[PDB]
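Undergrad: part one of the complex, left exactly where it sits:
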Amino acid sequence: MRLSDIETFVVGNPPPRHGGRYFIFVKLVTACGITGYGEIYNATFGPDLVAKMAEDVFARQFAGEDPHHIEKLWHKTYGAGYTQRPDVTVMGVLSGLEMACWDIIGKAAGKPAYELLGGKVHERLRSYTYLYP
Amino acid sequence: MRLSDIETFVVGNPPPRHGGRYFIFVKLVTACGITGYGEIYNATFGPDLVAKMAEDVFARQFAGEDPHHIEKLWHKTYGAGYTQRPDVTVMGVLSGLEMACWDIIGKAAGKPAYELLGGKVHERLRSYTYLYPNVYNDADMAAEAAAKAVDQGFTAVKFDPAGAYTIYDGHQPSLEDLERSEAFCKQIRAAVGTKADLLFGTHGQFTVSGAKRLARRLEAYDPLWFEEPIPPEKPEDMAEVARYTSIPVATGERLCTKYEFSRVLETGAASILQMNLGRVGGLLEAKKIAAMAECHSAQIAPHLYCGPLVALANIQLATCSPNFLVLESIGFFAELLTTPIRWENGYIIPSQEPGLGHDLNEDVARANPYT
Amino acid sequence: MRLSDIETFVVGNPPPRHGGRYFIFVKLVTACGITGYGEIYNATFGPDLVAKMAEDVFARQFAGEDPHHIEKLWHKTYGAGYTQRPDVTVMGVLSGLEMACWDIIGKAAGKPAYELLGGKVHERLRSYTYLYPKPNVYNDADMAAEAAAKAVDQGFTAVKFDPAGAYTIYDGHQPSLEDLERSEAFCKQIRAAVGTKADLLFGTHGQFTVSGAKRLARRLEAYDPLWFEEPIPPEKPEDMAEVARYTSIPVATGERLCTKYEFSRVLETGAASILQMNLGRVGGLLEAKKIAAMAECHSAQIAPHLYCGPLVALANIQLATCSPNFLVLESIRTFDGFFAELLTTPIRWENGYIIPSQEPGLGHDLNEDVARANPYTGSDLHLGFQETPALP
Amino acid sequence: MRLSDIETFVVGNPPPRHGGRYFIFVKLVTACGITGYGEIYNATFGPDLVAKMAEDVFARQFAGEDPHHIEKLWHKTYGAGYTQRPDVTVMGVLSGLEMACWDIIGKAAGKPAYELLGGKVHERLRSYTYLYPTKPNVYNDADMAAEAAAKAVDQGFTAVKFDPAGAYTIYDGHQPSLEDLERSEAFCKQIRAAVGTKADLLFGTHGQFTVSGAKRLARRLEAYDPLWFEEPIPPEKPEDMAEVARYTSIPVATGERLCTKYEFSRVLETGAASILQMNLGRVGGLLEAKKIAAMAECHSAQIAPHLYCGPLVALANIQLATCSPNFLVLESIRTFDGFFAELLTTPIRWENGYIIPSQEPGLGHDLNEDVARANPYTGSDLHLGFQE
C-alpha cells in the first residue's frame, strides 16, 4: 500500500465565525483508492501558502510511502532540512497529513482510529464551550 | 467482537534449557474464532498455579470484552483488588493476555501489530547472544566463543563474569571479581576488535560504590553497557552510577508499568531500557515506555530470557521503534512456532504476517508438559 | 526448632461485612507443636489462589527453617525467581507467614512480640473507626454527623469518612463541584457535632490528581482535619509530596504500599507524615518496625491500616504498642461481632482505646473451628474500584 | 523613514558547493532609496516557498514601518497568528529581513552596524574552516584529513573542523559504533600530530548521539585537547546536553539549530554549552544575537557564529563578532573566495587566518544583484540533509 495524491482546501468560516477565519484541509489518497482527510492548524503565514507547504512536505516525505509507517513519515518530516526541533510551522503541517494517514489506516482496517490506539474508554465525551452571544 | 475462551500451556524446555526450565503460554480466542497467543513471565511461584492465575484474570477482567479495548482491560486488571501499583506477579499475567489481544487485533486487520503501533522502521533487527575452566569463568575461553559468534555474524556479545549474585545483594565486588571482569573485557576485546560490542551483564550484585569500583576498571574497553549494576528498588541510587561512568547503564528486566520506567528515565538511572514484554505490562505499555525514552536520550533493548512468544512481542515493539538499540537472541524455539523466527548474519528479520507474525504450535506444546 | 506444617483458611465475613468480603488466615506449625497464626492481606487474585500461593511459598521457602530466622526467610522469599522488587502479591503472602513466625517466636519465649521488638511503650492504644450506620451516612453530611456523635459517646476520639466521591480504575481524576460541596459539608457538620472531642480523618482512596487534591485540601483546612489519606495514586510519591507541601493538613498514606523501600521514598520525598502500613501486606512485623524507625528520622508517625480480619489487627497492635511514634489505630467498630468470634479471647476495646494483650506472641489465638465453619462462598474480590470514568 | 519594497533571490550555489546547495537573499528598499541586504537560513521547505514566505512577512509586518523599529517589527512577526514561541521556519525569515533593516539603519547613520551595537572590539576575527577535499577521502581517512589540516595551517588558519563520528540519521540519538570511536580518535590523534600547537581541533559532530553515546566518545577525545565538542546530542533537551558538558573536559558548543533569546537562555542556564553557535540568518536577527551574546557573558560562555550558507549571513556574523568581547572564533567557508566573493560588490577580507571587518556602513558589503539573478537554483533538494 502506498500514498499517491494530495489535495488541499482553504475553506473560509461563515458568520458568526466562531472558530477562526478559515480552516485548512488536506486529502490524501492511496494508489488503490483509499481516501484520508486531515486539518492543518497553522497561522504563522497565509493559508494559500501553508497549503502549498503541505504539498511540499507530501512530495518530499509522504508520496510513495506506506501511510502506516507513521514513525518513518514523522521522522522524515521532523528531521528534513537538518532540523529535528519543535517547529510550529512544520508540526502543524505534519499533524494534518498524519491525521489523514490515521484516517486511512483506520479505513483499511475497518476500525475507528481509537480502536487501534488502546480502544474505547469513553462512550461519551464531556464537552465545554466558550461563551458567545 | 468479544473474547470467549482461554487455554494455558506449561511447556518444558529440554536440554540445554537455554531460556529457563519451562514456558507458560496462553491462548485467547474470540466468539467468532480469531485466536491470539501470548507468554507469561512468572518465576515468583509455580507453573500450574501461574496458569490458574491467568485463567482467574481472564475470567474476571477479559471474558466478554472487546480485545481492542486494551486500556480498559489493563486498567481493570491493574486496579483489581484495589491495588493500582506496579506488581510483577499481576503485570506478568497481564503481559501475556495483552500480547494475545495484539495478536488478535493484528489478525483482524491483516497487519503485523507493529504496523498499528507506528509502522515498520527497521527491516532488520540487530541481535546479541550470550557466550555459550569454561566460558563463564575463564576469559580466554570466553574470547574464543566470542570470536565464533562474530564469525556467525553477531555484532554484540554479553557475558557476566562479575560474580555470584546472592539473596542479600547488593554487595561489594571481590578483588577476584574485579580482576576476572577486566580480563573478560580485555581478552574478548582483543578477539573481536571493532566487530562486536561488549555487553557487560551483571545481575544487580552490587551497591552503588561497589558498582563504581567495577566500572572504573571497565571503561577502557568501551563496553556498550553496564547491565543492572545494582538492585532495582532505588533508581535514584542507580543514577549515581550512570553519572560516574562513561559506560552506559542498562536496566529494566525486573521492572514493570510506565510508572517505574518513568522514574528510571527522569533520575537518569539508565539510558538503555531493557523491557521484557512478558512482564513489563504488554505491547502498548512498552510502546509508551519507548516513546518516553525518546524524550530522555535513551534507547530500548528488549530483554529476553524465556520462550519464543516473548521474543515475538519483543520483535514487534523493536521493529516499530526509532530508539531501538539491539535485541536479545538465542532450536526448540523453532519447533514451538508454526514458522520459525528468521535470523541472518547477525540480524532478526521481522515477519510480515499479521498479529505477532507467528503462531504457536499447540500440538507441540501439549506434547511437552513440564515435569 | 523447625516449621513443619501450614494450614490456610479462607473465611467469608458475615453481615454487615464491615472490614470487607473475606479474610485469609494462615496456621504455621513447628515439629514440636508450637502454633503461629497470621493473616494475608491481598486481593490481586481470588482468595482460593492466594491461599495456594501461601502454601507454595511455605513449601518453597519456610518448611525446615527456624522461624527465628526472619531475615533469611524474608530475603529467600523476596528474591525467589530473581525479582527482589516490591510486589504486593508476594509481599502479602510473605506478611502472613512472617506474622505467624513472630507468634511462634513469642510463644516460645513466653513474651508478647512487642516485648521482643523494643518493648511496651503504651498501656492503651488510641483508636478510630469509619462512620457506619436513598440518603445515608456515606452521602449525607448530617447523618454522618449524628453517626459521629454516637462514636464520641462510645468514647472514640477519632472518626474517618470518605465523602469525596467514587474511586475509579482511571484515577487520578478531578473533583466535581458536588464532590467539593459534600466533602466540606461533611467536615463542617461533623466538627460542629464533635467540637474538640474528636479528630476528623479524611479517608480518601487515591481519587485525585495532584491539582484536584489541592482544590479539595484548600476547602477542608478550616476544620482542622487530622489527615488527608491517599489523596492521589500510589505510583509516584514525588507527586504526592506536592500536595503535602501545599496544605497544612497532614497527608497520610501506605495501605497500598509494601517493603521498606517504598516507605523510604515516601518519607524522603516528604509524601506523607503519617504512615499507614497494613501488616498483612507491608512485609510483616519486623519490616513494619524497620519502617516505623525510619519515620522517626523524618518527623513522621504510624497509623497502621486495617480493613481486613482480626489477625492483621493483632499484628498492628503488636507494632503500635512498642512504637514511640504511634498516632492512632484503625478499628472495625469496637472489635466486636465476628471479630471476637474468630478469636479465642477478644480484642479488648475500652473507651476509645485498644488495650494490648500481655499473652505470648500476637496475644490472641485463632478460633480455628469458627474459621473453618465459615467458608467463603462469594466470587468477588475483597475490594474494588468503580470501572466507569469519574463523574462526569 | 519607511520600508517599501522587497526582492527575493533564490540563488543556487556553484561547484564545489561548499556551504550547501542554494542561498536565499533579500533586498529591502525604503521609499527615499536606501537599500538593505540580508539572508534567510532555512531548509524546512524548498527555497522558492521560503522566498514567498519572506514576502508574506514583509508585506504583513514591515511595509510602512520605520526599519529603526526592530523591537516592534520583531515582536509583530514573532507573534503573528498567536504563536510567540521559537519556530525556525518563521525565525529564519525574520532573521533575513532584520539583517537588512540593520543595513539600512547603518547606512542611514553612516556607520557599520557594529558601531551602533556597542562598537568595535576586534581589529581582526579569528577564523576556522571545515576540512574539505578537491573510497578513501577527507571525511573517512585520518591521514588524508591530516594533510588537509596541514594545508589549512599553512594558510594561517588556527583552527580546523571535522566530523568523523559517523552519519547522522532521522532517528538520532544513537550509539557510536566501535569504528566510529576508533576513527574519531584517529582523526584527533593524526590531525594533532600534523598541526601541533599551531591550530585548535574543532570536533564538529551533528547531533548523532544520546547522552551516554556522547560520553563514550568524549572519553576518547579529551587527550587531544579539542577546543569543542559540537552538538553532541539533539537540540530538544538542553538539560540532557548539560550532562555531557559536566562529564567531559572538552567544551560543548551548540546552537546552529536554535533560535531566539529564549532557547539560548536555557542552554546557558542549564550549562548545556559554553560556546554558543548562532547562525545569524536563523537566530532571530542581529539585535537578537547581541542580546544573546550579552547573556553568555553572564554565564562564562563565548560566541562563535555558525555558517553553512551564503555570504550575507557571513556579513551578519561578522557584524556581531566585531562588537563582542566574549567572541571566540568565526566560521569561514574556505578563505571566502569564489562565489563568496563573486556575490559581493567588494569581497570579504581574509588575511592570514583572520577576517578583517569592513568599515563600510551597514553590513559592510553590498550584494551583487546581477550575479544573484544570473545564478538561479535549478535543483529540487534541501540545503542540508539527514540519513534514514
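TA: Perfect, thanks for sending it. Residues are numbered from 1 along each chain as shown, chains lettered A, B, ... in the order given.
Undergrad: which residues touch residue A:108?
TA: Residues in contact with residue A:108 (C-beta atoms under 8 Å, 6 or more residues apart in numbering or on different chains) are A:1, A:34, B:109. In this view, the C-beta of every residue, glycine as well, is placed from N, C-alpha and C.
Undergrad: Just the element for the last one, please.
TA: Applying DSSP states H and E as the criterion places residue B:109 outside every helix and strand.
Undergrad: ok, now which ones touch the spatially closest residue to residue A:67 that is not a sequence neighbour?
TA: Once flanking residues are discounted, residue A:67 sits nearest to residue A:101: 4.0 Å by C-beta to C-beta, 6 or more residues apart in numbering or on different chains. With contacts defined as C-beta under 8 Å, 6+ apart, residue A:101 is in contact with A:3, A:28, A:36, A:38, A:67-68, A:70, A:73.
Undergrad: how about these in TSV, adding neighbour count?
TA: What follows is the contacts of residue A:101, written out as TSV (neighbours: other C-beta atoms under 10 Å in any protein chain shown):
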residue	neighbour count
A:3	25
A:28	27
A:36	23
A:38	22
A:67	26
A:68	26
A:70	20
A:73	23
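Undergrad: okay, now chain E:
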Amino acid sequence: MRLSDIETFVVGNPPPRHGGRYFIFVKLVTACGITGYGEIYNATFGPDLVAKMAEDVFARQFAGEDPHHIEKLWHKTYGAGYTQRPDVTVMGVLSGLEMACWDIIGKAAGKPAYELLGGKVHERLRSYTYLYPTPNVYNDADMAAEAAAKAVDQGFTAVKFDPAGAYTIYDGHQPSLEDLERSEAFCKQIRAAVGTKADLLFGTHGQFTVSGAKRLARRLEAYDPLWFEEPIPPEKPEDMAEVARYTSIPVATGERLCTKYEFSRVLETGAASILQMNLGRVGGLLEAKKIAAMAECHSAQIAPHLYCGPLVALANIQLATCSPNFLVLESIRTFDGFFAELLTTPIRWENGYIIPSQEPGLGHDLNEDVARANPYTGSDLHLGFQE
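TA: Take a look at chain E, now in place beside the chains above:
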C-alpha cells in the same frame, strides 16, 4: 521483671595495648537474678567518671524498669535534662546499659540476641585487623607489606592502615606531598604483597578537608582500596558526600557518630556506603539494628567499629550476625590475649572469620574476677589528638 542493681568495672588494658588504654564495663542485675553485661565507649572524660555517669543514668531512668522496655528506657534517657539531641557522652553510657538489657532479654528467652532481632543470617563473620608490629609498621610501606603478608597467612581477608599522617585538633588540613607519597606506597606495596587475597582498608582519622581528601583519593584508586575511612571531620556529612561522589573508592564513616538521626543524614546525603557503628557509642543494639535497616534502603553496608573491650565486640558480633547488609567486622588481632582472658569462653576466631556463639544474650559472660584484678592506674584518655 525489674532492673535492680548496677556495678561498674574500669579495666586497664595490659600491653601491647592494642585496642586502647582502658575498658569500661557494666553489669546489670534483675530482682529475680538474671545478669546482663555491657561496655561503654567514651573518652570525653576519664573512665572513673564515665563509670559514675553510668550509675546516675541507671538510677534515674533504669532502676525498677523492665529490661524489655528498651524504647522506653532509651527515650527516658535520651530526653533527659530537656535535650533530645545526639550526644556521645550520654549515648555512650546508654549503649552499655542497653547492650546489657539485651543480654538479660536473651538469657530470659533462652536465645542469642540476634535470634530476637531478625535471626541468624551468616554462619560466619568476615574480619579484618590493623597491621601491628610484633622505621616501623606504622610509617614504612615495606614493613607494612610484610605485616599484611603475615595477616593473610593467618586467614585474614582484609587489613587496615593509616599512613596519611598525624591527625590534629585543627583538622581538617591538607596532605603533605610526603603524606600523599607514603600513602600511595603503602597501597602499592601491600597490594603487591597480598594480591587479590585481601582488601585494603585505608583508615584515616578525619585528617583532611574535602579538597584535601580528593587530592589523596586520586592517588589511591588504582589499588582498589575497599574503603577510604573518615576522610574529613564528622560535623557536615553534606561535605563528605562531595568526596564520596568524586572517587570510586567507597567512603566509610561512623565511629564518631551516635543515634539514628545522624546516620539518617549520612545515608541521605551520600556521605557513605559503609556505616561504621561502634555499639558502645551508637546508642545500643536495637538502635544499631534500626540504623542497619535504614542503610539497606540506601545501598549501604554495615561494618561495625571496634577499638575497645570484648563486650562492645560481643554486641558488634550480635548485630553483624542478623544483618543482611553486613560487610566486615573489626578485630583486635584474633581476640587472643586479654580479649580472651576477660571472657568465660573466648570469642571464636577461625581462619579469618568470627563464629557467633549460640549461647543466650550477648553469647558470652564477663569474667568479673579478671576484670576486678585489672584496674586502670593511669592518667590518660582512651584515644587522643595532636596539637
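Undergrad: Now chain A against chain C: closest residue?
TA: residue A:126 (4.8 Å; C-beta to the nearest C-beta).
Undergrad: ok, now how distant is the nearest residue to that residue once chain neighbours are set aside from chain E?
TA: Excluding the flanking residues, the one nearest residue A:126 by C-beta to C-beta, 6+ apart is residue C:392, at 4.8 Å. Going from residue C:392 to chain E by C-beta to the nearest C-beta, to the nearest Å gives 42 Å.
Undergrad: And residue C:392, how far from chain D?
TA: For residue C:392 relative to chain D (C-beta to the nearest C-beta), the value is 30 Å.
Undergrad: Pull the contacting residues for residue A:80.
TA: A:57, A:60-61, A:90, D:43-44, D:382, D:385-386.
Undergrad: which residue is nearest the centroid of chain A?
TA: Residue closest to the average C-alpha location in chain A (C-alpha atoms, centre = their mean): residue A:96, at 1.5 Å.
Undergrad: Looks like that one contacts residue A:39 (just checking).
TA: Yes - between residue A:96 and residue A:39 there is a contact under C-beta atoms under 8 Å: 5.5 Å.
Undergrad: mind adding chain F? sequence follows:
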Amino acid sequence: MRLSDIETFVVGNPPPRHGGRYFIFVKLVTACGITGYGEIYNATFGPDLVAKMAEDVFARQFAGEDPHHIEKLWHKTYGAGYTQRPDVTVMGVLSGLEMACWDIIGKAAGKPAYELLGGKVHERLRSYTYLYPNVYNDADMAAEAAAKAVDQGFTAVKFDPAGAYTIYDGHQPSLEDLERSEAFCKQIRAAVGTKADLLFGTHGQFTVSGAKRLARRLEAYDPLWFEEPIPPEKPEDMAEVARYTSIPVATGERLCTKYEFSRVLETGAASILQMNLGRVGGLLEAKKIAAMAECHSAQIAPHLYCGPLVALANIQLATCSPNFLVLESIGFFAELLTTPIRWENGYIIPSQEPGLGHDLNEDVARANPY
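TA: This next block brings in chain F, placed alongside the chains you saw above:
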C-alpha cells in the same frame, strides 16, 4: 601568664525557682591573681557530677595555659578523646570555662568583653520575660499577666500553651491544644495591642505537619516568633515549617557549636537564633555564630533558663551584635552578683566594668548548696 586553680559552686535556686532548680558556677584563677567567673548549662547529669566534669576538663585542657588562647583551649577540649563533634555534655562544661576566660581576658585588658569583640553597638538591650503568676492554662489570666508586664515596661512576652512535651515527641497537637493556643494569642494581642510582641514559646513538641497545623491558627495575630516547633535533630525538617508560615521560626536552645547553627542557617530552618552561652560553645563561638547569622537574614535572641552568669555573657554578646533582636529576662539573681543587673523599662543596660561586667558573690553562692 597562666591559669592555675578552679573552684565549682553548685547552688540551689530558692522559690519561686524561676530559671531552674540549680545553677552550676565556676571560678578560674590565674598565676598572678586574676579571677574569672562562669556558668555551665548541663542537665543530662546530676550537677554534682557536672562540677566534677568541669574539674576534670580544667585539669586536662585549661590548667597551665594562657586564657587568651581561646582557640587553643577550645579545640583541645572539643577534640579530647578523639571526638571533635557537637556534644552538649562537653560543650556545656566548656561554655562555662571559656566564659570565665573572657572575664579574665577583659579584666586583664581593662575593658568589657564586648569592647573586645567588635565594640558596643547598643546602649540598651530590648528585654522580654515569660508570663509568671491559672496563668499557664487560662487565656484571660495570661492576658492579664501580659498587660501587667506592659505596665512595667516590657515590650515582649513569651508563653507555651501548646500542651505537654513528652519523651516521644514529635506529636500532633490535639484540637484542644490548637484551641487554647489560638485563644491565648487572640486574648493577649487584645490586652497589649501594638505595645508588645507575642513570643510563642514551644518546646519541640510537634512533628513538622503538626507544627504547620498550629502555625496556620496563629499567623493572624502576628507573633514575633514560633520557638522550636519540632525537635532539633533534623534542621532540614524544621525548614518546612519556616517556609510555610509568615511567623518567624526561632530555635537553638538545645544546639551547640558553629556547626549545628551553620546547618540551621543554610537549610533555612530558623531566622532567629537562640544561643545559650552556657551551652553554645562559649562567647567567642557565640559571636562567630552571630556573624554567620548576618549572612542569612537571621537575628540573635540569647536563651536564658539558668543563672545570672550565663545571662551576663548573653549581654556581652548582645551589646556588640548588630543583628540582636531581644534578650530573655526574669530577685535572688541580683543577690548572687556583686552589682545587680540594670533593668529600666523593658531594657537591660550593659555594665562597663571589665569582662562580664560583674562578679559572682562567692559568699552567697556557697551559702546555698543544692
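Undergrad: follow-up on the earlier one: what's near enough to touch the residue nearest to the centre of chain A?
TA: Taking C-beta under 8 Å, 6+ apart, we find residue A:96 in contact with A:24-26, A:38-41, A:54.
Undergrad: if we go to 10 Å?
TA: Contact analysis of residue A:96 by C-beta atoms under 10 Å, 6 or more residues apart in numbering or on different chains lists A:8, A:24-26, A:28, A:37-42, A:50-51, A:54, A:57-58.
Undergrad: buried subset of those residues?
TA: Neighbour counting with 16 or more other C-beta atoms under 10 Å in any protein chain shown marks A:8, A:24-26, A:28, A:38-40, A:42, A:50-51, A:54, A:57-58 as buried within these.
Undergrad: Tell me which two in those residues are the farthest apart.
TA: Across the buried ones among the contacts of residue A:96, no pair lies farther apart than A:28 and A:42, at 17.2 Å, counting by C-beta to C-beta.
Undergrad: on that earlier part again, format the buried ones among the contacts of residue A:96 as JSON lines; extra columns: distance to chain F.
TA: Shown next, in JSON lines, are the buried ones among the contacts of residue A:96 (distance: C-beta to the nearest C-beta, whole Å):
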{"residue": "A:8", "distance to chain F": "56"}
{"residue": "A:24", "distance to chain F": "50"}
{"residue": "A:25", "distance to chain F": "53"}
{"residue": "A:26", "distance to chain F": "53"}
{"residue": "A:28", "distance to chain F": "55"}
{"residue": "A:38", "distance to chain F": "50"}
{"residue": "A:39", "distance to chain F": "48"}
{"residue": "A:40", "distance to chain F": "47"}
{"residue": "A:42", "distance to chain F": "44"}
{"residue": "A:50", "distance to chain F": "49"}
{"residue": "A:51", "distance to chain F": "54"}
{"residue": "A:54", "distance to chain F": "52"}
{"residue": "A:57", "distance to chain F": "51"}
{"residue": "A:58", "distance to chain F": "55"}
